[PDB]
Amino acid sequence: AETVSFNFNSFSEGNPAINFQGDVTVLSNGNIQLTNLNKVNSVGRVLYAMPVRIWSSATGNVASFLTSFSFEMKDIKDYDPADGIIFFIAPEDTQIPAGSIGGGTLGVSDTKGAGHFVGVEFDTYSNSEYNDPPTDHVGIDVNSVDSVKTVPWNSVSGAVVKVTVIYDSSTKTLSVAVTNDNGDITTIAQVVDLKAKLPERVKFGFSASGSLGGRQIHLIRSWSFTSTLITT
């Protein structure tokens, strides 16, 4: 079996295991702040430096993975709390879209909301142009921020949220369990064929964005990950 696993309880600038793209900054408390509160259309992304091989063209096998992370979003004065965070999987050459308008593209798509990635978004602003539901929500995104499926959610300012994701290769099912501050859990699941949507080598990471009038604090506090590919 081919296994990749890492665990981050705190991040630090200068660690070769992590890639920073955009307005990302590492706070003194070990947290990663994804966007810059003073920039228009800010965009920040963090990726695990080493590309992970999720499927083999030789065998035809796809990998299974278990990952969990916790984040925090907090409101700032005068600005609309937007736009959210997205945990994504993309090709190893992934870069912030050229001329990204930030906002509802979450730093992973173009103006139409199209891109090459698969991810789970924690959207805190309803962009009608992308057919966003009228409330905060969690959604599964396949090559577009126009979610394949969404579930109502509630973003609480200053609350630490915990997420657990499981991808079962056999069924090609991606299931998410979000544990809110008050104890309640929110789940969403969807069948996504990674082998057909992404290349053999990909990179995992987080991304967040803002606009001119919409800005808020987007923090990533911890992240653990394990993937196992059957090499036989």
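In this text, rigid core is short for the largest set of C-alphas that superpose within 1.5 Å between two forms. Each residue number is its position in the shown sequence, starting from 1.
Comparing the two stretches 97-105 and 80-88 by root mean square C-alpha distance in 8 other deposited structures of this protein, with all structures fitted on the core, the more displaced one is 97-105. If you average the C-alpha B-factors over 203-211 and over 165-173, the higher value belongs to 165-173. Mean CA B-factor, 215-223 versus 14-22: the higher value falls on 14-22. Within the listed group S126, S100, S147, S157, the record reports its top CA B-factor for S100. In the deposited coordinates, the residue among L37, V52, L47, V191 with the greatest CA B-factor is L37. Among the modelled residues of its chain, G113 has a C-alpha B-factor that falls in the highest third according to the deposited record.
Remark: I76 belongs to the highest third of its chain, ranked by C-alpha B-factor as recorded. The PDB entry assigns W153 a C-alpha temperature factor belonging to the middle third of its chain's modelled residues. Ranked by C-alpha B-factor against the other modelled residues of its chain, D141 falls in the lowest third.
For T3, the recorded CA temperature factor ranks within the middle third of the chain's modelled residues.
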